[PDB]
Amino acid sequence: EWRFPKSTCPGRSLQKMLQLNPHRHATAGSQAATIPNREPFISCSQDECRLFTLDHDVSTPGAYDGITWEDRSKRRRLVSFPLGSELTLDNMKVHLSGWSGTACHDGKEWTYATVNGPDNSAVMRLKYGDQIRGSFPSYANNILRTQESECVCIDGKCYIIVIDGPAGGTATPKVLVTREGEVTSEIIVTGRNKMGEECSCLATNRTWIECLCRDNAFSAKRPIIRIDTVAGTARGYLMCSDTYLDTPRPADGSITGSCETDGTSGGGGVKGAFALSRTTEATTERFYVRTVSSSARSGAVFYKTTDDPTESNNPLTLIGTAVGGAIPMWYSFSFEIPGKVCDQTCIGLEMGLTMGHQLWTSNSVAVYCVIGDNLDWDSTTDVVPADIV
């Protein structure tokens, strides 16, 4: 029946699965209608995986594709592609209009959710199968917004992180609990709860969820939100490791104070991601990514730890460079592939492609999953935005 977390498939590192690179096909002479997009992620049912992303109602090449830098507009939609299909117009499936997205399969049907509307009164609508079953209005009237990666479903209920409020100040996230797309309750995030953008969430065992988020205002440490789905409680933490995962960030270990001390810098940030190994009882290893550069969104480096990330300031253990530091690397996202015998968690990388400020913007997506003992290879795009017609 319902999807629930299983022990994960054996693995001790991150190794490459595949890469999608639609705009390799958008050069002079090419014959493809490619889909420029941002905020991609992957979510899976037991039958298939899908690449979800937020489009701009346009293909590249084409006259209208100059709007693809925009965050929010009446053009953007949550769309998806079977995982492994390239991102072309005929392969695209439109789910919901809107400009911030999430999706997750509960074992029976897809829940899709986007936020639509003006900045001061946006509305999240949740589609379950083909019907809009849920609606959740803005509570702080300042850009209601959600994860830009998959939500998590356990035992017929799905858990979605939303936030509303100033991106440069205190903004309190909430956990929405859904059943067939209907919002049946809201869980208050206690503890360290003054920020939490764009959370990447994974089950840590049979009944708990852990989310790795972005503090866009206060800290280069990433917020962590843990959800107890049985008690229906959630608590916020600050990631304690000296290996700070956000971008921009100061030098490792240089934030003086306790785990939950913000640090002097902290403005700005980027969506981050993790993967894990777990039994039905507990998570046994975590895998993290951050940029190569401490100031710019470039490169991707993988790390791992067996420590509890909310309590230990120990540096993370280096796995290696997944994307060279000369290569733009923007968002990363967590996702899980469910299996009949074991589950597998993965990290996806938004390798950004752009012609510059307020010009054409899209990406290539590279996927790494928990398997093996060492990193196998780094990824490139070999797309020069100047060559895109």
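Note that residue numbering follows the sequence shown and begins at 1.
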property	result
54-62 versus 40-48 - greater average Cα B-factor per the deposited record	40-48
Given 337-345 and 22-30, the range whose Cα B-factors average higher in the PDB entry	337-345
Maximum C-alpha temperature factor, selected from 144, 96, 234, 245	234
Residue with maximal Cα B-factor (values as given in the PDB entry) among 126, 188, 103, 202	188
Modelled-residue ranking by C-alpha temperature factor, third containing residue 352	lowest
Third of the chain's Cα B-factor distribution that residue 9 belongs to, per the entry	highest
Where the record places residue 253 (Cα B-factor, split into thirds across the chain)	highest
Modelled-residue ranking by C-alpha temperature factor, third containing residue 326	highest
Modelled-residue ranking by C-alpha temperature factor, third containing residue 73	middle
